[PDB]
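Student: Below is protein05.txt; it holds compact mmCIF, C-alpha atoms and all ligand atoms.
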```
# COMPACT_ATOMS: atom_id res chain seq x y z
CA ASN I 701 70.95 49.52 160.19
CA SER I 702 72.99 46.65 161.62
CA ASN I 703 72.65 46.04 165.42
CA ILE I 704 76.36 45.35 165.91
CA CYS I 705 79.52 47.43 165.34
CA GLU I 706 81.00 46.76 161.96
CA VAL I 707 84.61 46.73 163.33
CA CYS I 708 84.39 44.78 166.63
CA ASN I 709 81.10 42.89 166.07
CA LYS I 710 79.74 43.81 169.54
CA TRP I 711 76.53 45.71 170.46
CA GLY I 712 76.61 48.83 172.61
CA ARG I 713 76.21 52.57 171.98
CA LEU I 714 76.29 52.61 168.18
CA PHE I 715 76.23 55.42 165.60
CA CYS I 716 74.38 54.46 162.43
CA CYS I 717 75.43 55.43 158.91
CA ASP I 718 72.79 57.40 156.93
CA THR I 719 73.88 56.07 153.54
CA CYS I 720 74.42 52.37 154.22
CA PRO I 721 73.32 49.90 156.89
CA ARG I 722 76.60 49.77 158.93
CA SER I 723 76.87 50.86 162.52
CA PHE I 724 79.87 51.81 164.71
CA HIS I 725 81.02 52.38 168.17
CA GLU I 726 82.32 55.93 168.53
CA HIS I 727 86.04 55.06 168.69
CA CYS I 728 85.77 51.95 166.44
CA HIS I 729 85.04 54.18 163.46
CA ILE I 730 88.09 55.94 162.07
CA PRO I 731 88.06 58.88 162.26
CA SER I 732 86.01 58.79 165.56
CA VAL I 733 82.28 59.32 164.82
CA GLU I 734 81.69 63.02 164.25
CA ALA I 735 79.69 65.05 166.90
CA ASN I 736 77.00 66.37 164.60
CA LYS I 737 76.62 66.00 160.75
CA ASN I 738 73.09 64.89 159.79
CA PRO I 739 73.13 62.99 157.57
CA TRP I 740 76.36 61.16 158.60
CA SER I 741 78.16 58.93 156.09
CA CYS I 742 80.71 56.30 157.32
CA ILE I 743 84.17 55.70 155.90
CA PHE I 744 82.98 52.82 153.76
CA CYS I 745 80.51 55.21 152.06
CA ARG I 746 83.14 57.98 151.79
CA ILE I 747 85.60 55.62 150.11
CA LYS I 748 82.93 54.39 147.68
CA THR I 749 82.13 58.03 146.67
CA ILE I 750 85.84 58.69 145.79
CA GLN I 751 85.80 55.71 143.43
CA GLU I 752 82.44 56.75 141.90
CA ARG I 753 83.63 60.32 141.34
CA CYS I 754 86.83 59.08 139.59
CA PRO I 755 86.36 55.60 138.10
CA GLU I 756 89.89 55.66 136.67
CA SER I 757 91.23 55.77 140.25
CA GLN I 758 90.72 51.95 140.17
CA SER I 759 93.19 51.39 137.32
CA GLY I 760 96.39 49.64 138.50
CA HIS I 761 99.10 51.57 140.34
CA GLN I 762 102.70 50.89 141.22
CA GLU I 763 103.27 50.61 145.00
CA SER I 764 106.30 52.92 144.75
CA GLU I 765 104.19 55.71 143.29
CA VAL I 766 101.48 55.18 145.94
CA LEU I 767 103.93 55.39 148.81
CA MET I 768 105.35 58.74 147.62
CA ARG I 769 101.95 60.38 147.60
CA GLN I 770 101.49 63.29 149.94
CA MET I 771 98.85 62.85 152.62
CA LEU I 772 96.19 65.05 151.05
CA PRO I 773 92.55 64.49 152.23
CA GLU I 774 91.82 61.54 149.96
CA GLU I 775 95.04 59.70 150.84
CA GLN I 776 94.45 60.49 154.54
CA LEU I 777 91.00 58.87 154.20
CA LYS I 778 92.35 55.82 152.43
CA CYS I 779 94.97 55.23 155.16
CA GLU I 780 92.22 55.65 157.83
CA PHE I 781 90.13 53.02 156.08
CA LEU I 782 93.05 50.63 155.66
CA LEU I 783 93.76 51.01 159.40
CA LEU I 784 90.10 50.35 160.08
CA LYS I 785 90.18 47.23 157.98
CA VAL I 786 92.98 45.85 160.19
CA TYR I 787 90.98 46.62 163.34
CA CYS I 788 88.10 44.70 161.75
CA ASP I 789 90.01 41.46 162.23
CA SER I 790 89.72 40.10 165.74
CA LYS I 791 93.43 39.20 165.73
CA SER I 792 94.19 42.93 165.70
CA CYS I 793 93.82 42.79 169.50
CA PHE I 794 97.34 41.47 169.77
CA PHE I 795 98.73 44.56 168.05
CA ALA I 796 96.41 47.32 169.30
CA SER I 797 97.98 48.47 172.51
CA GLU I 798 101.57 49.18 173.60
CA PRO I 799 103.56 45.97 173.82
CA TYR I 800 106.25 44.93 176.27
CA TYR I 801 109.16 42.61 175.75
CA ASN I 802 110.60 40.15 178.31
CA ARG I 803 111.17 36.74 176.79
CA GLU I 804 114.14 34.47 177.49
CA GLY I 805 116.40 34.49 174.41
CA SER I 806 114.85 37.59 172.72
CA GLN I 807 115.48 41.29 172.88
CA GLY I 808 112.71 43.81 172.25
CA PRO I 809 112.60 45.93 169.05
CA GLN I 810 114.49 49.17 168.73
CA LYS I 811 111.32 50.89 167.58
CA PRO I 812 108.14 49.54 169.11
CA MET I 813 104.93 50.17 167.18
CA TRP I 814 101.26 49.38 167.71
CA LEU I 815 97.88 50.08 166.08
CA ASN I 816 96.73 52.68 168.60
CA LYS I 817 99.92 54.64 168.10
CA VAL I 818 99.33 54.64 164.31
CA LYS I 819 95.75 55.69 164.96
CA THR I 820 96.96 58.67 167.03
CA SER I 821 99.58 59.52 164.47
CA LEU I 822 96.92 59.68 161.77
CA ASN I 823 94.59 61.68 163.92
CA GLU I 824 97.33 64.18 164.71
CA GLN I 825 98.35 64.43 160.96
CA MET I 826 101.88 63.26 161.67
CA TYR I 827 102.33 61.47 158.36
CA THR I 828 103.19 63.64 155.37
CA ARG I 829 103.23 60.80 152.90
CA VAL I 830 101.52 57.46 152.48
CA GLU I 831 104.95 55.85 152.96
CA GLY I 832 105.04 57.03 156.63
CA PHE I 833 101.84 55.23 157.46
CA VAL I 834 102.67 52.02 155.55
CA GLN I 835 106.18 51.89 157.12
CA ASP I 836 104.76 52.03 160.67
CA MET I 837 102.11 49.45 159.79
CA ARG I 838 104.64 46.96 158.36
CA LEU I 839 106.95 47.65 161.35
CA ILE I 840 104.27 46.32 163.74
CA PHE I 841 104.40 42.89 162.07
CA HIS I 842 108.12 42.89 161.46
CA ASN I 843 108.81 43.61 165.16
CA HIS I 844 106.48 40.72 166.13
CA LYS I 845 108.21 38.24 163.77
CA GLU I 846 111.63 39.15 165.00
CA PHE I 847 110.70 38.96 168.72
CA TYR I 848 108.78 35.74 168.72
CA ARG I 849 111.34 33.86 166.57
CA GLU I 850 110.35 30.22 166.39
CA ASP I 851 107.41 30.41 168.73
CA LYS I 852 104.30 29.56 166.80
CA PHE I 853 102.81 32.86 168.06
CA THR I 854 104.83 34.48 165.24
CA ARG I 855 102.04 33.34 162.92
CA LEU I 856 99.68 35.95 164.34
CA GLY I 857 101.93 38.65 162.75
CA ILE I 858 101.85 36.83 159.43
CA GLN I 859 98.13 36.58 159.55
CA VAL I 860 97.35 40.18 160.40
CA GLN I 861 100.06 41.46 157.95
CA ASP I 862 98.26 39.48 155.22
CA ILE I 863 94.98 41.30 156.00
CA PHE I 864 96.84 44.59 155.95
CA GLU I 865 98.55 43.80 152.58
CA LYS I 866 95.39 42.56 150.83
CA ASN I 867 93.51 45.64 151.89
CA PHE I 868 96.42 47.92 150.92
CA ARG I 869 96.37 46.41 147.38
CA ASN I 870 92.58 46.83 147.21
CA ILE I 871 92.20 50.36 148.63
CA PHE I 872 95.04 51.88 146.70
CA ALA I 873 94.30 49.84 143.52
CA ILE I 874 97.75 48.37 143.26
CA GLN I 875 98.37 46.75 139.82
CA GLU I 876 97.69 43.05 140.02
CA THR I 877 100.73 40.75 139.43
CA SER I 878 101.67 37.01 139.62
ZN ZN F 1 83.09 48.48 167.91
ZN ZN F 2 78.05 53.94 155.31
ZN ZN F 3 87.29 61.77 137.01
```
Can I see the file as structure tokens?
Tutor:
Amino acid sequence: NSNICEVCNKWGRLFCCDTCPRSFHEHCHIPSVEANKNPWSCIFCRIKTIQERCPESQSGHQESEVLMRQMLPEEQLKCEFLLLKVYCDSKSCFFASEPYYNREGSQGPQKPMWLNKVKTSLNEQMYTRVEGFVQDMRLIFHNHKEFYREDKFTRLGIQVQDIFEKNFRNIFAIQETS
């Protein structure tokens, strides 16, 4: 196994996957690393098995159809992994915890959103459809763009939204376009 956490790239108390060489801190893994289960398979392994069991699941999809999917177990897992993929980028730190807004010339968003809140919402099964999760994710970056205006810090939202969008297109096998 790896000697660092796959998500945050730090050492510490790690749980090792039994089916691949990745390791995780307890609350870096999503869902949080399960109490027992020997062997234990990580989310990367679980996502790979879904694809292997249904190869046609990688054929192209329309985003509008994906978003209307109910949050059954496999869609739940895919959203957890997409969330995890965002956390994997070090720039996710800016969006992880609850923000506050006091900048001359800006007003805070009507609906604040942050990664940890989405994480909780997933854990608590608050999304009934994929659309719920993707809306909150995109709202994080949209709020940041609007607040920071012409400050160059706005680019952090662009950057992390691009990681989110790339991984969304990959995980849910969105039909490739120009
Ligand atoms: Zn970690
Ligand atoms: Zn694994
Ligand atoms: Zn099949």
Student: I'd like the neighbourhood of stretch 822-828 of chain I as a VMD selection string, where a residue qualifies if any of its atoms comes within 12 Å (using all atoms listed in the file), though same-chain residues fewer than 4 positions away should be ignored.
Tutor: chain I and resid 727 730 to 732 767 to 773 775 to 784 815 to 818 832 to 837
Student: Using all atoms listed in the file, which of the listed residues (I:762, I:821, I:843, I:741) sits closest to residue I:800?
Tutor: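 Nearest candidate to residue I:800 out of I:762, I:821, I:843, I:741: I:843.
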Student: One decimal, Å: what's the distance from atom CA of residue I:847 over to atom CA of residue I:808, could you say?
Tutor: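 Here the two named atoms are 6.3 Å from each other.
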Student: How close does chain I get to ligand ZN 2 (chain F)? List, as CSV, each residue of chain I within 10 Å, its nearest atom pair and the distance in Å to one decimal, counting all atoms listed in the file.
Tutor:
```
residue,atom,partner,partner_atom,distance
I:701,CA,F:ZN2,ZN,9.7
I:716,CA,F:ZN2,ZN,8.0
I:717,CA,F:ZN2,ZN,4.7
I:718,CA,F:ZN2,ZN,6.5
I:719,CA,F:ZN2,ZN,5.0
I:720,CA,F:ZN2,ZN,4.1
I:721,CA,F:ZN2,ZN,6.4
I:722,CA,F:ZN2,ZN,5.7
I:723,CA,F:ZN2,ZN,7.9
I:724,CA,F:ZN2,ZN,9.8
I:740,CA,F:ZN2,ZN,8.1
I:741,CA,F:ZN2,ZN,5.1
I:742,CA,F:ZN2,ZN,4.1
I:743,CA,F:ZN2,ZN,6.4
I:744,CA,F:ZN2,ZN,5.3
I:745,CA,F:ZN2,ZN,4.3
I:746,CA,F:ZN2,ZN,7.4
I:747,CA,F:ZN2,ZN,9.3
I:748,CA,F:ZN2,ZN,9.1
```
Student: With C-alpha atoms retained, export the selected residues as an mmCIF file, keeping the file's coordinate frame.
Tutor:
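So again.cif came out as:
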```cif
data_model
loop_
_atom_site.group_PDB
_atom_site.id
_atom_site.type_symbol
_atom_site.label_atom_id
_atom_site.label_comp_id
_atom_site.auth_asym_id
_atom_site.auth_seq_id
_atom_site.Cartn_x
_atom_site.Cartn_y
_atom_site.Cartn_z
ATOM 1 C CA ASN I 701 70.950 49.520 160.190
ATOM 2 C CA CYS I 716 74.380 54.460 162.430
ATOM 3 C CA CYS I 717 75.430 55.430 158.910
ATOM 4 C CA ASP I 718 72.790 57.400 156.930
ATOM 5 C CA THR I 719 73.880 56.070 153.540
ATOM 6 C CA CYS I 720 74.420 52.370 154.220
ATOM 7 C CA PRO I 721 73.320 49.900 156.890
ATOM 8 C CA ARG I 722 76.600 49.770 158.930
ATOM 9 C CA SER I 723 76.870 50.860 162.520
ATOM 10 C CA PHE I 724 79.870 51.810 164.710
ATOM 11 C CA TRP I 740 76.360 61.160 158.600
ATOM 12 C CA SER I 741 78.160 58.930 156.090
ATOM 13 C CA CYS I 742 80.710 56.300 157.320
ATOM 14 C CA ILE I 743 84.170 55.700 155.900
ATOM 15 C CA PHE I 744 82.980 52.820 153.760
ATOM 16 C CA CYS I 745 80.510 55.210 152.060
ATOM 17 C CA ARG I 746 83.140 57.980 151.790
ATOM 18 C CA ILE I 747 85.600 55.620 150.110
ATOM 19 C CA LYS I 748 82.930 54.390 147.680
#
```
Student: To check your reading of the model: which residues sit at most 12 Å from ligand ZN 1 (chain F) when counting only C-alpha atoms and all ligand atoms? Write the answer as JSON, numbers by chain.
Tutor: {"I": [703, 704, 705, 706, 707, 708, 709, 710, 711, 712, 713, 714, 715, 716, 722, 723, 724, 725, 726, 727, 728, 729, 730, 732, 733, 784, 787, 788, 789, 790]}
Student: Which protein, DNA or RNA residues have an atom within 10 Å of ligand ZN 3 (chain F), counting only C-alpha atoms and all ligand atoms, as a PyMOL selection string?
Tutor: chain I and resi 750-757
Student: Atoms to include: C-alpha atoms. Write the selected residues as a PDB file, keeping the file's coordinate frame.
Tutor:
```pdb
ATOM      1  CA  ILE I 750      85.840  58.690 145.790  1.00  0.00           C
ATOM      2  CA  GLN I 751      85.800  55.710 143.430  1.00  0.00           C
ATOM      3  CA  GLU I 752      82.440  56.750 141.900  1.00  0.00           C
ATOM      4  CA  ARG I 753      83.630  60.320 141.340  1.00  0.00           C
ATOM      5  CA  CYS I 754      86.830  59.080 139.590  1.00  0.00           C
ATOM      6  CA  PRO I 755      86.360  55.600 138.100  1.00  0.00           C
ATOM      7  CA  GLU I 756      89.890  55.660 136.670  1.00  0.00           C
ATOM      8  CA  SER I 757      91.230  55.770 140.250  1.00  0.00           C
TER       9      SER I 757
END
```
Student: Between atom CA of residue I:841 and atom CA of residue I:793, measure the distance and give it in Å to one decimal.
Tutor: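 Going from atom CA of residue I:841 over to atom CA of residue I:793, I get 12.9 Å.
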Student: Set the distance at 12 Å and use only C-alpha atoms: which residues neighbour residue I:803 once local chain neighbours fewer than 6 positions away are removed? I'd like the list as a CSV table (one decimal) with C-alpha atoms, in the frame of the given file.
Tutor:
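Result file follows (out-v1.csv):
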```csv
chain,number,residue,atom,x,y,z
I,847,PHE,CA,110.7,39.0,168.7
I,848,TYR,CA,108.8,35.7,168.7
I,849,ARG,CA,111.3,33.9,166.6
I,851,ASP,CA,107.4,30.4,168.7
```
Student: Please determine, counting only C-alpha atoms, which residue among I:798, I:856, I:870, I:831 has the shortest atom-to-atom distance to residue I:844.
Tutor: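 Under the stated criterion, the closest residue is I:856.
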Student: How many Å separate atom CA of residue I:812 from atom CA of residue I:840?
Tutor: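 According to the coordinates, atom CA of residue I:812 and atom CA of residue I:840 are separated by 7.4 Å.
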Student: Find the spatial neighbours of residue I:855, counting all atoms listed in the file, within a cut-off of 12 Å - ignore same-chain residues fewer than 2 positions away - and output them as a PyMOL selection string.
Tutor: chain I and resi 791+794+841-842+844-853+857-862
Student: N, CA and C atoms are needed for stretch 739-774 of chain I; please write them out as a PDB file, keeping the file's coordinate frame.
Tutor:
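Dumped to result_26.pdb:
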```pdb
ATOM      1  N   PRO I 739      72.800  64.385 157.375  1.00  0.00           N
ATOM      2  CA  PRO I 739      73.130  62.990 157.570  1.00  0.00           C
ATOM      3  C   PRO I 739      74.641  62.778 157.859  1.00  0.00           C
ATOM      4  N   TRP I 740      74.962  61.605 158.402  1.00  0.00           N
ATOM      5  CA  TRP I 740      76.360  61.160 158.600  1.00  0.00           C
ATOM      6  C   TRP I 740      76.638  59.983 157.699  1.00  0.00           C
ATOM      7  N   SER I 741      77.751  60.031 156.972  1.00  0.00           N
ATOM      8  CA  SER I 741      78.160  58.930 156.090  1.00  0.00           C
ATOM      9  C   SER I 741      79.477  58.348 156.694  1.00  0.00           C
ATOM     10  N   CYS I 742      79.484  57.048 156.889  1.00  0.00           N
ATOM     11  CA  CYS I 742      80.710  56.300 157.320  1.00  0.00           C
ATOM     12  C   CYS I 742      81.826  56.273 156.267  1.00  0.00           C
ATOM     13  N   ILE I 743      82.984  55.857 156.743  1.00  0.00           N
ATOM     14  CA  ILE I 743      84.170  55.700 155.900  1.00  0.00           C
ATOM     15  C   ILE I 743      84.006  54.774 154.743  1.00  0.00           C
ATOM     16  N   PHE I 744      83.253  53.667 154.887  1.00  0.00           N
ATOM     17  CA  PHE I 744      82.980  52.820 153.760  1.00  0.00           C
ATOM     18  C   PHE I 744      82.280  53.593 152.616  1.00  0.00           C
ATOM     19  N   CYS I 745      81.292  54.379 153.018  1.00  0.00           N
ATOM     20  CA  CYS I 745      80.510  55.210 152.060  1.00  0.00           C
ATOM     21  C   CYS I 745      81.418  56.287 151.451  1.00  0.00           C
ATOM     22  N   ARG I 746      82.234  56.914 152.291  1.00  0.00           N
ATOM     23  CA  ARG I 746      83.140  57.980 151.790  1.00  0.00           C
ATOM     24  C   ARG I 746      84.130  57.452 150.804  1.00  0.00           C
ATOM     25  N   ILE I 747      84.628  56.245 151.042  1.00  0.00           N
ATOM     26  CA  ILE I 747      85.600  55.620 150.110  1.00  0.00           C
ATOM     27  C   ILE I 747      84.919  55.241 148.775  1.00  0.00           C
ATOM     28  N   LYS I 748      83.723  54.732 148.893  1.00  0.00           N
ATOM     29  CA  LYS I 748      82.930  54.390 147.680  1.00  0.00           C
ATOM     30  C   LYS I 748      82.687  55.653 146.814  1.00  0.00           C
ATOM     31  N   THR I 749      82.355  56.777 147.434  1.00  0.00           N
ATOM     32  CA  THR I 749      82.130  58.030 146.670  1.00  0.00           C
ATOM     33  C   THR I 749      83.375  58.487 145.870  1.00  0.00           C
ATOM     34  N   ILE I 750      84.564  58.364 146.480  1.00  0.00           N
ATOM     35  CA  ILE I 750      85.840  58.690 145.790  1.00  0.00           C
ATOM     36  C   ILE I 750      85.967  57.890 144.526  1.00  0.00           C
ATOM     37  N   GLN I 751      85.773  56.573 144.616  1.00  0.00           N
ATOM     38  CA  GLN I 751      85.800  55.710 143.430  1.00  0.00           C
ATOM     39  C   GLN I 751      84.768  56.084 142.363  1.00  0.00           C
ATOM     40  N   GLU I 752      83.537  56.381 142.803  1.00  0.00           N
ATOM     41  CA  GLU I 752      82.440  56.750 141.900  1.00  0.00           C
ATOM     42  C   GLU I 752      82.709  58.090 141.201  1.00  0.00           C
ATOM     43  N   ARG I 753      83.242  59.048 141.928  1.00  0.00           N
ATOM     44  CA  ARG I 753      83.630  60.320 141.340  1.00  0.00           C
ATOM     45  C   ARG I 753      84.783  60.243 140.352  1.00  0.00           C
ATOM     46  N   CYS I 754      85.702  59.262 140.497  1.00  0.00           N
ATOM     47  CA  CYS I 754      86.830  59.080 139.590  1.00  0.00           C
ATOM     48  C   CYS I 754      87.055  57.608 139.329  1.00  0.00           C
ATOM     49  N   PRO I 755      86.269  57.032 138.378  1.00  0.00           N
ATOM     50  CA  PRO I 755      86.360  55.600 138.100  1.00  0.00           C
ATOM     51  C   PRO I 755      87.757  55.127 137.744  1.00  0.00           C
ATOM     52  N   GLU I 756      88.550  56.012 137.124  1.00  0.00           N
ATOM     53  CA  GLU I 756      89.890  55.660 136.670  1.00  0.00           C
ATOM     54  C   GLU I 756      90.862  55.470 137.815  1.00  0.00           C
ATOM     55  N   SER I 757      90.471  55.984 139.005  1.00  0.00           N
ATOM     56  CA  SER I 757      91.230  55.770 140.250  1.00  0.00           C
ATOM     57  C   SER I 757      91.375  54.268 140.578  1.00  0.00           C
ATOM     58  N   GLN I 758      90.541  53.391 140.007  1.00  0.00           N
ATOM     59  CA  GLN I 758      90.720  51.950 140.170  1.00  0.00           C
ATOM     60  C   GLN I 758      91.646  51.243 139.183  1.00  0.00           C
ATOM     61  N   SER I 759      92.135  51.953 138.169  1.00  0.00           N
ATOM     62  CA  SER I 759      93.190  51.390 137.320  1.00  0.00           C
ATOM     63  C   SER I 759      94.429  51.078 138.182  1.00  0.00           C
ATOM     64  N   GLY I 760      95.216  50.108 137.739  1.00  0.00           N
ATOM     65  CA  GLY I 760      96.390  49.640 138.500  1.00  0.00           C
ATOM     66  C   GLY I 760      97.422  50.726 138.730  1.00  0.00           C
ATOM     67  N   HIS I 761      98.033  50.677 139.946  1.00  0.00           N
ATOM     68  CA  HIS I 761      99.100  51.570 140.340  1.00  0.00           C
ATOM     69  C   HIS I 761     100.311  50.807 140.778  1.00  0.00           C
ATOM     70  N   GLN I 762     101.472  51.464 140.684  1.00  0.00           N
ATOM     71  CA  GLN I 762     102.700  50.890 141.220  1.00  0.00           C
ATOM     72  C   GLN I 762     102.763  51.266 142.728  1.00  0.00           C
ATOM     73  N   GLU I 763     103.172  50.316 143.547  1.00  0.00           N
ATOM     74  CA  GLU I 763     103.270  50.610 145.000  1.00  0.00           C
ATOM     75  C   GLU I 763     104.215  51.784 145.250  1.00  0.00           C
ATOM     76  N   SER I 764     105.341  51.860 144.510  1.00  0.00           N
ATOM     77  CA  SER I 764     106.300  52.920 144.750  1.00  0.00           C
ATOM     78  C   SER I 764     105.718  54.297 144.512  1.00  0.00           C
ATOM     79  N   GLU I 765     104.845  54.468 143.497  1.00  0.00           N
ATOM     80  CA  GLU I 765     104.190  55.710 143.290  1.00  0.00           C
ATOM     81  C   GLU I 765     103.203  55.998 144.433  1.00  0.00           C
ATOM     82  N   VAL I 766     102.465  54.968 144.851  1.00  0.00           N
ATOM     83  CA  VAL I 766     101.480  55.180 145.940  1.00  0.00           C
ATOM     84  C   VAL I 766     102.163  55.673 147.189  1.00  0.00           C
ATOM     85  N   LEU I 767     103.259  55.051 147.549  1.00  0.00           N
ATOM     86  CA  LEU I 767     103.930  55.390 148.810  1.00  0.00           C
ATOM     87  C   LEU I 767     104.437  56.824 148.850  1.00  0.00           C
ATOM     88  N   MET I 768     104.860  57.365 147.671  1.00  0.00           N
ATOM     89  CA  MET I 768     105.350  58.740 147.620  1.00  0.00           C
ATOM     90  C   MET I 768     104.278  59.792 147.601  1.00  0.00           C
ATOM     91  N   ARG I 769     102.993  59.413 147.534  1.00  0.00           N
ATOM     92  CA  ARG I 769     101.950  60.380 147.600  1.00  0.00           C
ATOM     93  C   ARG I 769     101.922  61.145 148.919  1.00  0.00           C
ATOM     94  N   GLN I 770     101.746  62.455 148.816  1.00  0.00           N
ATOM     95  CA  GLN I 770     101.490  63.290 149.940  1.00  0.00           C
ATOM     96  C   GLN I 770     100.111  62.946 150.558  1.00  0.00           C
ATOM     97  N   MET I 771     100.065  63.086 151.865  1.00  0.00           N
ATOM     98  CA  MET I 771      98.850  62.850 152.620  1.00  0.00           C
ATOM     99  C   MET I 771      97.786  63.972 152.508  1.00  0.00           C
ATOM    100  N   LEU I 772      97.345  64.239 151.263  1.00  0.00           N
ATOM    101  CA  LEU I 772      96.190  65.050 151.050  1.00  0.00           C
ATOM    102  C   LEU I 772      94.911  64.338 151.565  1.00  0.00           C
ATOM    103  N   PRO I 773      93.785  65.055 151.684  1.00  0.00           N
ATOM    104  CA  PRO I 773      92.550  64.490 152.230  1.00  0.00           C
ATOM    105  C   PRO I 773      92.150  63.105 151.755  1.00  0.00           C
ATOM    106  N   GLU I 774      92.229  62.845 150.463  1.00  0.00           N
ATOM    107  CA  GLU I 774      91.820  61.540 149.960  1.00  0.00           C
ATOM    108  C   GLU I 774      92.782  60.407 150.364  1.00  0.00           C
TER     109      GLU I 774
END
```
